[PDB]
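Data first, discussion second: the structure below is written as structure tokens.
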Amino acid sequence: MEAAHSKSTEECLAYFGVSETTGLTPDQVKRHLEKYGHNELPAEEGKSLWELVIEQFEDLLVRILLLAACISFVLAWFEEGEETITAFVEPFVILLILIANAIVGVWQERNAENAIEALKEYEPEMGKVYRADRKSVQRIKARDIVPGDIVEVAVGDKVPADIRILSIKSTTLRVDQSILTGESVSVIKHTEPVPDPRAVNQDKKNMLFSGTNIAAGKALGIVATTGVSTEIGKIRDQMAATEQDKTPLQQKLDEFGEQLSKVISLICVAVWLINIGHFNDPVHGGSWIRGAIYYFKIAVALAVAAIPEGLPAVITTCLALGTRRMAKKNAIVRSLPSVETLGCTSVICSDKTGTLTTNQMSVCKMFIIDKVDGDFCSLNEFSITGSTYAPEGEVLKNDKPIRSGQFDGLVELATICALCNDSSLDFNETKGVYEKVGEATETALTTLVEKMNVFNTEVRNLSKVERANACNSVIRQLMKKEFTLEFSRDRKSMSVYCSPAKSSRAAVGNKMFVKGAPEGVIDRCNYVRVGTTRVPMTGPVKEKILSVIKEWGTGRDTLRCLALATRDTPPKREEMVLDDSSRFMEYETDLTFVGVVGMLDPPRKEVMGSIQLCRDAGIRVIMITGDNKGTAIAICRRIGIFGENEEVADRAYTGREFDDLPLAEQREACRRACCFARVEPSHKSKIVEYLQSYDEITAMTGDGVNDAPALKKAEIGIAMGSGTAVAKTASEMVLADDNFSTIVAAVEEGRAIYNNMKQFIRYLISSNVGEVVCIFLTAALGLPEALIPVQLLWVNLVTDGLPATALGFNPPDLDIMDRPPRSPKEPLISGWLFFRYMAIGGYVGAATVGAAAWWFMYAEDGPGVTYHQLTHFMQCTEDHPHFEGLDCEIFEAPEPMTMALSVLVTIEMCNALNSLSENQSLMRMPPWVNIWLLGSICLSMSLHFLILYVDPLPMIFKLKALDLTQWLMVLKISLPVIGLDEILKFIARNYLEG
Ligand SMILES: C/C=C(/C)C(=O)O[C@@H]1C[C@H]2[C@@H]([C@H]1C)[C@@H]1OC(=O)[C@@](C)(O)[C@@]1(O)[C@@H](OC(=O)CCC)C[C@]2(C)OC(C)=O
Ligand SMILES: [Mg+2]
Ligand code: NA
């Protein structure tokens, strides 16, 4: 393999020692295959169904539950017999939540798609080569093609390896490498070497890239690199060497797990110490075995009370909803977990042409020389109208209408436009619009022609399909297009050789019409054309031309300028080598300037507003274009990235200036830059790394397979809905309408989603805190189980999930896009907030335990234990004589439990209202603000009545409905919650740090 683009035609055949007429020999093929390997992109992640499920049981919180479901399965099995048929219900429900939960993880994943697998498609199944054992061409599998052997490709064929072209069999060879370079039109290939050893792929005119298509022609070539060493295999290597972090929330989740693990084990050490007097008890006492069942059975209650089981459900249904909500605004979010790391974006690098602008070119101004008398000079500037490609508009000189024929300068400018142009128009009936056929800036030229019919040829007497290429084909019949010197970035221009048509145009027949960048072609102009006559380019005339070119392309117009010229007396046809673009700049010299054409790519309207919102939201926007740095900047000023008068010396670099910088200033330029002139893929990936070294959340746009490694590296890669499918699969989101204003509409929902999603998380987390306080009082004291695991699940999954998912429908703040981007290191609960849940929890923990111990003691209808030990329920059946006058089975009564479960369920609807806002009082922000919330609270309550009054339900949850007075006890305990928090909110607002 090797950098063949520069060597030559023989230096390559020699390097490998292979004959262009024989190919590689069977022995060579064997050795080469051993040294370079097969022509493939490496294998895949052999992730097995067994490992995928094991991945499921590696979370700390999922393991903690699995252990509990076991301890609970052993209890609800052996020790505990008869008197209960529900044993196993507890272990069974926990297992469902797990195994069922793991299905989510395995389905979710099986439907996921690898960006690196998307490339595998750009590989032809087979290829055509010339081996040294058959004169006929053989057609083997692309997999066996090797560096060095002679390959043949023709139209349709998809290039099998990176090939260095030896000789073109056809008259012309056209390749389509848009996916790998971004070039829209099929490009022309050659055989002569490219001197530069560090050329970009756009300039390796003598190379075929594995993965592209042969648009036109047939040619032979020697295979340079194979498999992973090809321009596409090198991309596969960057996307694979790259590592995806994880949405900050997923990080805060690993953090919460580690903690909710340390705390749990502490709670047991604590509970154990609180009950240390037991080491001061009778050795023969008894109940020894019952005590262990109490602690083992409270361990399962502790675990299902600490972990928020409904959450994974509430979060993914909140995202899936928003997903659909964004999709109505052309933002197709692929990865859900990524909706969070969007609200946090601080920098947005967008591509210009398709996303920032319309990419719908049109000429607005023209100008030809009118007089050149010594140092005096007068131009002839025109204005044209029409923004579509539609041949409808007029040419107005000085605001005033004009007939283009009346100017001779304008007769030529119009041919150079219709002759030096590979693109045309087309009118369809389907949508009744004029559709650009070839290129955007070329089709804009044929359109210019139609609007200024210099010959005034009749046309209103024609249809619309035809009207399209009317004035153009009349000029096509006046000159005969011999050949054409294609565009190449070296000279930045193109031309066409044209001889006349008949004796009606015999005079000075052979002409050469060239159009290119102004600086370029104007240096090669020895004359100017004033009408039908001619003069020598002189200092004054040249400065008068270059200035107007500056105003047009740097002024508020931000027009892209084209200079058109002609080579009056071209070289003899025979004296031209029409197959080596290197010499092409020699044939386009000694020109006579004819005029320049200034066109415009109108920027999408809503873009100008989107840029403004980012200014307010505190997000930095970087424009990445191709325009020279002069107009690249101008475009920034027009849209808002830069101020009309704002300085831009250190905030706008070109790909070259940036490279010339030392790693230090390079990294410093990235924290202030807002526009990058001419950059390639190399650059898009470096800027991400620098933007990342400042711990920034960056968005990046792309469409080609060459944009894949950069989209994967940016926190959120935004692929174009019209770009390749490999880009889409390496991106978090896809802009259906390639509109930049769509990104900003998506950075807003992300902030909205996360704000709501932030509330319901704090909510659910706080109720878990309360259930833990309860279980911890119940055991520290010795009291009888107030709350059972089965009940807690119902609550965490259903009765709390409903008020939880409804909080996701909260009204978005009105200043969401006036605040800076959120920091990813912002914790969900800390400072004062940590203290309110610390207090609210401590409250419900008391309310639940208490409301149960109440029905025991000061209970209008139940046992009774004013101040004595109802806590020693463990030791009674045998201690009935000692303070125990009654039945030792009341301690398994349902009333106490449904007492404490009703105080939890209601203290939860209360807390769901305190959660409509972090610090806003309920008087200032009423519950009816969110209807879904109130409506879910009802469904929760009724859902609560269901498991009390039904039949199999009250039995399996161990709950017996409670009378109307016991319900009023629940309210008198619960409701005051809304007060304890209203008071805590008042604190935060008033007395405190704002
Ligand atoms: C949950 C039940 C119990 C019994 C418990 O023990 O919760 C503990 C206390 C604390 C711990 C959480 C481990 C948690 O760990 C962290 O990472 C912190 C620093 O962020 C954290 O401090 C907060 O929770 C969070 O942010 C969660 C963000 C998703 C507050 C919390 C929960 O206390 C309070 C009062 O909410
Ligand atoms: Mg691209
Ligand atoms: Na990415």
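We name chains A, B, ... following the order of the structure tokens; residues begin at 1 in each chain, and ligands are numbered from 1 as shown.
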Write out, as a tab-separated table, each residue of chain A that has an atom at most 10 Å from ligand 1, together with the closest pair of atoms and their distance in Å to one decimal, counting only C-alpha atoms and all ligand atoms, rows going by chain and rising number.
```
residue	atom	partner	partner_atom_place_in_ligand_line	distance
A:249	CA	ligand 1	29 (C)	7.6
A:250	CA	ligand 1	29 (C)	9.1
A:251	CA	ligand 1	29 (C)	9.4
A:252	CA	ligand 1	29 (C)	6.0
A:253	CA	ligand 1	29 (C)	5.8
A:254	CA	ligand 1	17 (O)	8.3
A:255	CA	ligand 1	17 (O)	5.0
A:256	CA	ligand 1	17 (O)	3.9
A:257	CA	ligand 1	13 (C)	6.7
A:258	CA	ligand 1	13 (C)	7.5
A:259	CA	ligand 1	13 (C)	4.3
A:260	CA	ligand 1	13 (C)	3.9
A:261	CA	ligand 1	13 (C)	7.4
A:262	CA	ligand 1	13 (C)	8.0
A:263	CA	ligand 1	6 (O)	5.4
A:264	CA	ligand 1	6 (O)	7.0
A:266	CA	ligand 1	6 (O)	9.7
A:267	CA	ligand 1	4 (C)	9.0
A:302	CA	ligand 1	4 (C)	8.6
A:303	CA	ligand 1	4 (C)	9.3
A:305	CA	ligand 1	2 (C)	7.7
A:306	CA	ligand 1	2 (C)	4.7
A:307	CA	ligand 1	1 (C)	6.6
A:308	CA	ligand 1	1 (C)	7.5
A:311	CA	ligand 1	29 (C)	10.0
A:758	CA	ligand 1	29 (C)	8.8
A:761	CA	ligand 1	29 (C)	6.6
A:762	CA	ligand 1	28 (C)	7.1
A:763	CA	ligand 1	36 (O)	9.2
A:764	CA	ligand 1	1 (C)	8.8
A:765	CA	ligand 1	1 (C)	5.4
A:766	CA	ligand 1	36 (O)	5.7
A:767	CA	ligand 1	2 (C)	8.0
A:768	CA	ligand 1	2 (C)	5.0
A:769	CA	ligand 1	2 (C)	4.0
A:770	CA	ligand 1	4 (C)	7.2
A:771	CA	ligand 1	4 (C)	7.5
A:772	CA	ligand 1	4 (C)	4.9
A:773	CA	ligand 1	4 (C)	7.0
A:774	CA	ligand 1	4 (C)	9.8
A:775	CA	ligand 1	4 (C)	9.8
A:776	CA	ligand 1	4 (C)	9.4
A:826	CA	ligand 1	20 (O)	9.4
A:827	CA	ligand 1	20 (O)	5.6
A:828	CA	ligand 1	26 (O)	4.6
A:829	CA	ligand 1	26 (O)	4.3
A:830	CA	ligand 1	19 (C)	6.3
A:831	CA	ligand 1	22 (O)	9.3
A:832	CA	ligand 1	35 (C)	9.8
A:833	CA	ligand 1	35 (C)	7.6
A:834	CA	ligand 1	35 (C)	4.7
A:835	CA	ligand 1	35 (C)	6.3
A:836	CA	ligand 1	35 (C)	7.0
A:837	CA	ligand 1	35 (C)	4.3
A:838	CA	ligand 1	35 (C)	4.1
A:839	CA	ligand 1	35 (C)	7.7
A:840	CA	ligand 1	35 (C)	8.3
A:841	CA	ligand 1	35 (C)	7.1
A:842	CA	ligand 1	35 (C)	9.1
```
Inset, instruction - Would you mind listing the residues within 12 Å of ligand 3, counting only C-alpha atoms and all ligand atoms, as a PyMOL selection string? - result: chain A and resi 115+239+242-247+334-335+338+341-342+685+688+697-702+707-719+727-734
Now that the selection is made, can you save its residues with N, CA and C atoms as a short mmCIF file (atom, residue, chain, number, x, y, z; two decimals), in the first residue's frame?
```cif
data_model
loop_
_atom_site.label_atom_id
_atom_site.label_comp_id
_atom_site.auth_asym_id
_atom_site.auth_seq_id
_atom_site.Cartn_x
_atom_site.Cartn_y
_atom_site.Cartn_z
N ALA A 115 -22.96 2.66 13.98
CA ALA A 115 -22.54 3.54 12.91
C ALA A 115 -21.49 2.82 12.05
N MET A 239 -13.74 6.26 14.41
CA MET A 239 -15.03 6.07 15.06
C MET A 239 -14.94 4.92 16.05
N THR A 242 -12.73 6.04 19.18
CA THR A 242 -13.46 7.03 19.93
C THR A 242 -14.32 6.37 21.02
N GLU A 243 -14.48 7.08 22.13
CA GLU A 243 -15.26 6.62 23.27
C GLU A 243 -16.34 7.61 23.69
N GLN A 244 -17.57 7.12 23.78
CA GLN A 244 -18.71 7.94 24.17
C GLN A 244 -18.86 8.00 25.71
N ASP A 245 -18.82 9.19 26.29
CA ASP A 245 -18.99 9.33 27.75
C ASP A 245 -20.40 8.84 28.12
N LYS A 246 -21.16 9.67 28.83
CA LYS A 246 -22.52 9.30 29.20
C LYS A 246 -23.24 10.50 29.77
N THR A 247 -24.44 10.76 29.24
CA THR A 247 -25.24 11.89 29.67
C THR A 247 -25.05 12.13 31.16
N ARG A 334 -32.78 10.55 18.00
CA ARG A 334 -32.58 9.10 17.96
C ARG A 334 -32.45 8.57 19.40
N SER A 335 -31.28 8.84 20.01
CA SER A 335 -30.93 8.47 21.39
C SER A 335 -31.74 9.31 22.39
N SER A 338 -30.02 11.22 25.41
CA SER A 338 -29.30 12.36 24.85
C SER A 338 -30.15 13.63 24.85
N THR A 341 -28.46 16.00 27.49
CA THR A 341 -27.22 16.63 27.01
C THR A 341 -27.45 17.46 25.76
N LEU A 342 -28.54 18.22 25.74
CA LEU A 342 -28.87 19.06 24.61
C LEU A 342 -29.24 20.39 25.26
N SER A 685 -12.66 17.80 13.80
CA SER A 685 -12.36 16.94 14.95
C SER A 685 -11.43 17.56 16.00
N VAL A 688 -13.37 20.07 18.15
CA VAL A 688 -14.22 19.41 19.14
C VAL A 688 -13.37 19.14 20.38
N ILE A 697 -20.04 21.54 26.23
CA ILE A 697 -20.98 20.61 25.59
C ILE A 697 -21.21 21.18 24.20
N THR A 698 -20.65 20.51 23.20
CA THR A 698 -20.76 20.98 21.83
C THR A 698 -21.59 20.15 20.85
N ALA A 699 -22.28 20.86 19.96
CA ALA A 699 -23.12 20.28 18.91
C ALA A 699 -22.33 20.46 17.60
N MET A 700 -22.41 19.47 16.71
CA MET A 700 -21.67 19.48 15.45
C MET A 700 -22.56 18.94 14.34
N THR A 701 -22.55 19.58 13.17
CA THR A 701 -23.37 19.13 12.03
C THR A 701 -22.53 18.45 10.97
N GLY A 702 -23.13 17.52 10.24
CA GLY A 702 -22.39 16.83 9.20
C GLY A 702 -23.36 16.05 8.36
N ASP A 707 -17.75 13.04 7.89
CA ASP A 707 -18.17 13.84 9.04
C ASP A 707 -18.48 12.91 10.23
N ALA A 708 -18.56 11.61 9.96
CA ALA A 708 -18.88 10.61 10.98
C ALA A 708 -17.98 10.66 12.23
N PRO A 709 -16.65 10.56 12.07
CA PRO A 709 -15.80 10.61 13.26
C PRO A 709 -15.98 11.88 14.10
N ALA A 710 -16.25 13.01 13.47
CA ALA A 710 -16.45 14.25 14.23
C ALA A 710 -17.81 14.31 14.93
N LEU A 711 -18.86 13.77 14.29
CA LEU A 711 -20.20 13.76 14.88
C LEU A 711 -20.20 12.82 16.05
N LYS A 712 -19.39 11.77 15.97
CA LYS A 712 -19.31 10.83 17.06
C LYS A 712 -18.55 11.47 18.21
N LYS A 713 -17.52 12.26 17.90
CA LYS A 713 -16.74 12.88 18.97
C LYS A 713 -17.43 14.03 19.73
N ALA A 714 -18.25 14.81 19.03
CA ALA A 714 -18.98 15.91 19.66
C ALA A 714 -19.99 15.27 20.60
N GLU A 715 -20.35 15.99 21.66
CA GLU A 715 -21.32 15.50 22.64
C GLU A 715 -22.64 15.13 21.92
N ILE A 716 -23.09 15.99 21.01
CA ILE A 716 -24.32 15.77 20.21
C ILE A 716 -24.08 16.07 18.74
N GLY A 717 -23.97 15.01 17.94
CA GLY A 717 -23.78 15.17 16.51
C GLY A 717 -25.15 15.29 15.85
N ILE A 718 -25.32 16.32 15.03
CA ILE A 718 -26.58 16.58 14.33
C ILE A 718 -26.40 16.32 12.84
N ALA A 719 -26.91 15.19 12.39
CA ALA A 719 -26.81 14.82 11.00
C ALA A 719 -27.94 15.47 10.22
N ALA A 727 -23.86 8.96 8.48
CA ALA A 727 -23.83 10.14 9.36
C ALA A 727 -24.99 10.08 10.36
N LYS A 728 -26.18 9.78 9.86
CA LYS A 728 -27.35 9.69 10.71
C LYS A 728 -27.17 8.70 11.82
N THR A 729 -26.57 7.56 11.53
CA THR A 729 -26.41 6.59 12.57
C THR A 729 -25.30 6.91 13.58
N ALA A 730 -24.46 7.90 13.29
CA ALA A 730 -23.38 8.26 14.22
C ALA A 730 -23.80 9.48 15.01
N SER A 731 -25.00 9.97 14.71
CA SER A 731 -25.55 11.16 15.34
C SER A 731 -26.67 10.92 16.34
N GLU A 732 -26.77 11.79 17.34
CA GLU A 732 -27.80 11.69 18.36
C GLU A 732 -29.13 12.12 17.81
N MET A 733 -29.08 13.14 16.97
CA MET A 733 -30.27 13.69 16.38
C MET A 733 -30.09 14.00 14.89
N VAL A 734 -31.20 14.09 14.15
CA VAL A 734 -31.17 14.37 12.72
C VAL A 734 -32.13 15.50 12.33
#
```
Dump as JSON lines the rows for residues of chain A within 12 Å of ligand 2: closest atom pair and distance in Å with one decimal, only C-alpha atoms and all ligand atoms counted, ordered by chain and rising residue number.
```
{"residue": "A:177", "atom": "CA", "partner": "ligand 2", "partner_atom_place_in_ligand_line": "1 (Mg)", "distance": 10.7}
{"residue": "A:178", "atom": "CA", "partner": "ligand 2", "partner_atom_place_in_ligand_line": "1 (Mg)", "distance": 7.8}
{"residue": "A:179", "atom": "CA", "partner": "ligand 2", "partner_atom_place_in_ligand_line": "1 (Mg)", "distance": 7.0}
{"residue": "A:180", "atom": "CA", "partner": "ligand 2", "partner_atom_place_in_ligand_line": "1 (Mg)", "distance": 7.5}
{"residue": "A:181", "atom": "CA", "partner": "ligand 2", "partner_atom_place_in_ligand_line": "1 (Mg)", "distance": 6.3}
{"residue": "A:182", "atom": "CA", "partner": "ligand 2", "partner_atom_place_in_ligand_line": "1 (Mg)", "distance": 4.3}
{"residue": "A:183", "atom": "CA", "partner": "ligand 2", "partner_atom_place_in_ligand_line": "1 (Mg)", "distance": 8.0}
{"residue": "A:184", "atom": "CA", "partner": "ligand 2", "partner_atom_place_in_ligand_line": "1 (Mg)", "distance": 9.7}
{"residue": "A:202", "atom": "CA", "partner": "ligand 2", "partner_atom_place_in_ligand_line": "1 (Mg)", "distance": 11.6}
{"residue": "A:350", "atom": "CA", "partner": "ligand 2", "partner_atom_place_in_ligand_line": "1 (Mg)", "distance": 11.4}
{"residue": "A:351", "atom": "CA", "partner": "ligand 2", "partner_atom_place_in_ligand_line": "1 (Mg)", "distance": 8.5}
{"residue": "A:352", "atom": "CA", "partner": "ligand 2", "partner_atom_place_in_ligand_line": "1 (Mg)", "distance": 10.9}
{"residue": "A:353", "atom": "CA", "partner": "ligand 2", "partner_atom_place_in_ligand_line": "1 (Mg)", "distance": 10.7}
{"residue": "A:354", "atom": "CA", "partner": "ligand 2", "partner_atom_place_in_ligand_line": "1 (Mg)", "distance": 10.3}
{"residue": "A:355", "atom": "CA", "partner": "ligand 2", "partner_atom_place_in_ligand_line": "1 (Mg)", "distance": 11.9}
{"residue": "A:624", "atom": "CA", "partner": "ligand 2", "partner_atom_place_in_ligand_line": "1 (Mg)", "distance": 11.0}
{"residue": "A:625", "atom": "CA", "partner": "ligand 2", "partner_atom_place_in_ligand_line": "1 (Mg)", "distance": 10.7}
{"residue": "A:626", "atom": "CA", "partner": "ligand 2", "partner_atom_place_in_ligand_line": "1 (Mg)", "distance": 11.1}
{"residue": "A:679", "atom": "CA", "partner": "ligand 2", "partner_atom_place_in_ligand_line": "1 (Mg)", "distance": 11.1}
{"residue": "A:680", "atom": "CA", "partner": "ligand 2", "partner_atom_place_in_ligand_line": "1 (Mg)", "distance": 9.0}
{"residue": "A:681", "atom": "CA", "partner": "ligand 2", "partner_atom_place_in_ligand_line": "1 (Mg)", "distance": 8.4}
{"residue": "A:684", "atom": "CA", "partner": "ligand 2", "partner_atom_place_in_ligand_line": "1 (Mg)", "distance": 10.6}
{"residue": "A:700", "atom": "CA", "partner": "ligand 2", "partner_atom_place_in_ligand_line": "1 (Mg)", "distance": 11.7}
{"residue": "A:701", "atom": "CA", "partner": "ligand 2", "partner_atom_place_in_ligand_line": "1 (Mg)", "distance": 8.9}
{"residue": "A:702", "atom": "CA", "partner": "ligand 2", "partner_atom_place_in_ligand_line": "1 (Mg)", "distance": 5.6}
{"residue": "A:703", "atom": "CA", "partner": "ligand 2", "partner_atom_place_in_ligand_line": "1 (Mg)", "distance": 5.0}
{"residue": "A:704", "atom": "CA", "partner": "ligand 2", "partner_atom_place_in_ligand_line": "1 (Mg)", "distance": 4.2}
{"residue": "A:705", "atom": "CA", "partner": "ligand 2", "partner_atom_place_in_ligand_line": "1 (Mg)", "distance": 7.5}
{"residue": "A:706", "atom": "CA", "partner": "ligand 2", "partner_atom_place_in_ligand_line": "1 (Mg)", "distance": 6.5}
{"residue": "A:707", "atom": "CA", "partner": "ligand 2", "partner_atom_place_in_ligand_line": "1 (Mg)", "distance": 5.9}
{"residue": "A:708", "atom": "CA", "partner": "ligand 2", "partner_atom_place_in_ligand_line": "1 (Mg)", "distance": 9.2}
{"residue": "A:709", "atom": "CA", "partner": "ligand 2", "partner_atom_place_in_ligand_line": "1 (Mg)", "distance": 11.6}
{"residue": "A:710", "atom": "CA", "partner": "ligand 2", "partner_atom_place_in_ligand_line": "1 (Mg)", "distance": 10.8}
{"residue": "A:711", "atom": "CA", "partner": "ligand 2", "partner_atom_place_in_ligand_line": "1 (Mg)", "distance": 11.1}
{"residue": "A:719", "atom": "CA", "partner": "ligand 2", "partner_atom_place_in_ligand_line": "1 (Mg)", "distance": 10.0}
{"residue": "A:720", "atom": "CA", "partner": "ligand 2", "partner_atom_place_in_ligand_line": "1 (Mg)", "distance": 9.8}
{"residue": "A:722", "atom": "CA", "partner": "ligand 2", "partner_atom_place_in_ligand_line": "1 (Mg)", "distance": 11.3}
{"residue": "A:723", "atom": "CA", "partner": "ligand 2", "partner_atom_place_in_ligand_line": "1 (Mg)", "distance": 8.2}
{"residue": "A:724", "atom": "CA", "partner": "ligand 2", "partner_atom_place_in_ligand_line": "1 (Mg)", "distance": 9.2}
{"residue": "A:726", "atom": "CA", "partner": "ligand 2", "partner_atom_place_in_ligand_line": "1 (Mg)", "distance": 11.7}
{"residue": "A:727", "atom": "CA", "partner": "ligand 2", "partner_atom_place_in_ligand_line": "1 (Mg)", "distance": 9.4}
```
Residues near residue A:13, cut-off 12 Å, only C-alpha atoms, skip fewer than 4 positions along chain, as a PDB file with N, CA and C atoms, in the first residue's frame:
```pdb
ATOM      1  N   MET A   1       0.915  -1.153   0.000  1.00  0.00           N
ATOM      2  CA  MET A   1       0.000   0.000   0.000  1.00  0.00           C
ATOM      3  C   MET A   1       0.932   1.175   0.000  1.00  0.00           C
ATOM      4  N   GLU A   2       0.384   2.382  -0.136  1.00  0.00           N
ATOM      5  CA  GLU A   2       1.202   3.585  -0.146  1.00  0.00           C
ATOM      6  C   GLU A   2       0.467   4.769  -0.739  1.00  0.00           C
ATOM      7  N   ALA A   4       0.060   6.542  -3.168  1.00  0.00           N
ATOM      8  CA  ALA A   4       0.153   6.459  -4.634  1.00  0.00           C
ATOM      9  C   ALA A   4      -0.285   7.696  -5.412  1.00  0.00           C
ATOM     10  N   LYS A   7       3.042   9.474  -6.626  1.00  0.00           N
ATOM     11  CA  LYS A   7       4.148   8.869  -7.291  1.00  0.00           C
ATOM     12  C   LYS A   7       3.936   8.968  -8.721  1.00  0.00           C
ATOM     13  N   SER A   8       3.334   7.965  -9.334  1.00  0.00           N
ATOM     14  CA  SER A   8       3.224   8.280 -10.736  1.00  0.00           C
ATOM     15  C   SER A   8       2.440   7.281 -11.503  1.00  0.00           C
ATOM     16  N   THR A   9       2.973   6.626 -12.503  1.00  0.00           N
ATOM     17  CA  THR A   9       2.069   5.718 -13.153  1.00  0.00           C
ATOM     18  C   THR A   9       2.875   4.474 -13.149  1.00  0.00           C
ATOM     19  N   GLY A  17       6.060  -4.095  -8.086  1.00  0.00           N
ATOM     20  CA  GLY A  17       6.641  -5.031  -9.029  1.00  0.00           C
ATOM     21  C   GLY A  17       5.526  -5.855  -9.651  1.00  0.00           C
ATOM     22  N   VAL A  18       4.653  -5.182 -10.395  1.00  0.00           N
ATOM     23  CA  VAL A  18       3.528  -5.836 -11.052  1.00  0.00           C
ATOM     24  C   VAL A  18       3.394  -5.303 -12.476  1.00  0.00           C
ATOM     25  N   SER A  19       2.960  -6.150 -13.407  1.00  0.00           N
ATOM     26  CA  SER A  19       2.808  -5.729 -14.808  1.00  0.00           C
ATOM     27  C   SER A  19       1.391  -5.277 -15.139  1.00  0.00           C
ATOM     28  N   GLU A  20       1.286  -4.124 -15.798  1.00  0.00           N
ATOM     29  CA  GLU A  20      -0.001  -3.535 -16.171  1.00  0.00           C
ATOM     30  C   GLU A  20      -0.767  -4.400 -17.152  1.00  0.00           C
ATOM     31  N   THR A  21      -0.057  -5.351 -17.738  1.00  0.00           N
ATOM     32  CA  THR A  21      -0.645  -6.218 -18.737  1.00  0.00           C
ATOM     33  C   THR A  21      -0.846  -7.628 -18.274  1.00  0.00           C
ATOM     34  N   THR A  22      -0.201  -7.986 -17.179  1.00  0.00           N
ATOM     35  CA  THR A  22      -0.340  -9.334 -16.658  1.00  0.00           C
ATOM     36  C   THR A  22      -1.123  -9.347 -15.355  1.00  0.00           C
ATOM     37  N   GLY A  23      -0.709  -8.474 -14.444  1.00  0.00           N
ATOM     38  CA  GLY A  23      -1.338  -8.379 -13.142  1.00  0.00           C
ATOM     39  C   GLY A  23      -0.426  -9.024 -12.122  1.00  0.00           C
ATOM     40  N   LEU A  24      -0.957  -9.342 -10.947  1.00  0.00           N
ATOM     41  CA  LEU A  24      -0.141 -10.021  -9.951  1.00  0.00           C
ATOM     42  C   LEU A  24      -0.230 -11.510 -10.292  1.00  0.00           C
ATOM     43  N   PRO A 147      -3.388  -5.241  -2.341  1.00  0.00           N
ATOM     44  CA  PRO A 147      -2.622  -4.057  -2.752  1.00  0.00           C
ATOM     45  C   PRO A 147      -1.671  -4.488  -3.862  1.00  0.00           C
ATOM     46  N   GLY A 148      -1.570  -3.691  -4.915  1.00  0.00           N
ATOM     47  CA  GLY A 148      -0.675  -4.053  -5.989  1.00  0.00           C
ATOM     48  C   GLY A 148      -1.282  -4.689  -7.223  1.00  0.00           C
ATOM     49  N   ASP A 149      -2.357  -5.476  -7.115  1.00  0.00           N
ATOM     50  CA  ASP A 149      -2.888  -6.092  -8.335  1.00  0.00           C
ATOM     51  C   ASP A 149      -3.672  -5.107  -9.199  1.00  0.00           C
ATOM     52  N   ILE A 150      -3.726  -5.410 -10.503  1.00  0.00           N
ATOM     53  CA  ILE A 150      -4.387  -4.583 -11.514  1.00  0.00           C
ATOM     54  C   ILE A 150      -5.876  -4.773 -11.492  1.00  0.00           C
ATOM     55  N   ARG A 164      -5.173   3.612  -7.538  1.00  0.00           N
ATOM     56  CA  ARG A 164      -4.374   4.659  -8.208  1.00  0.00           C
ATOM     57  C   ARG A 164      -4.663   4.359  -9.692  1.00  0.00           C
ATOM     58  N   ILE A 165      -5.177   5.334 -10.439  1.00  0.00           N
ATOM     59  CA  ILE A 165      -5.545   5.089 -11.839  1.00  0.00           C
ATOM     60  C   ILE A 165      -4.374   5.051 -12.802  1.00  0.00           C
ATOM     61  N   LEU A 166      -4.211   3.921 -13.489  1.00  0.00           N
ATOM     62  CA  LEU A 166      -3.114   3.736 -14.442  1.00  0.00           C
ATOM     63  C   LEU A 166      -3.379   4.344 -15.813  1.00  0.00           C
ATOM     64  N   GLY A 221      -6.602   0.375 -13.154  1.00  0.00           N
ATOM     65  CA  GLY A 221      -5.828   0.933 -12.069  1.00  0.00           C
ATOM     66  C   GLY A 221      -5.204  -0.094 -11.150  1.00  0.00           C
ATOM     67  N   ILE A 222      -4.129   0.323 -10.492  1.00  0.00           N
ATOM     68  CA  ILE A 222      -3.452  -0.552  -9.566  1.00  0.00           C
ATOM     69  C   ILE A 222      -3.978  -0.204  -8.171  1.00  0.00           C
ATOM     70  N   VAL A 223      -4.291  -1.219  -7.364  1.00  0.00           N
ATOM     71  CA  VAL A 223      -4.800  -1.015  -6.000  1.00  0.00           C
ATOM     72  C   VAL A 223      -3.700  -0.531  -5.051  1.00  0.00           C
ATOM     73  N   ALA A 224      -3.874   0.675  -4.509  1.00  0.00           N
ATOM     74  CA  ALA A 224      -2.908   1.295  -3.601  1.00  0.00           C
ATOM     75  C   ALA A 224      -2.996   0.720  -2.195  1.00  0.00           C
TER      76      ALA A 224
END
```
Inset, instruction - Could you jot down the atom CA of residue A:884 to atom CA of residue A:782 separation for me, Å, one decimal place? - result: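 Computing it gives 16.2 Å between the two atoms.
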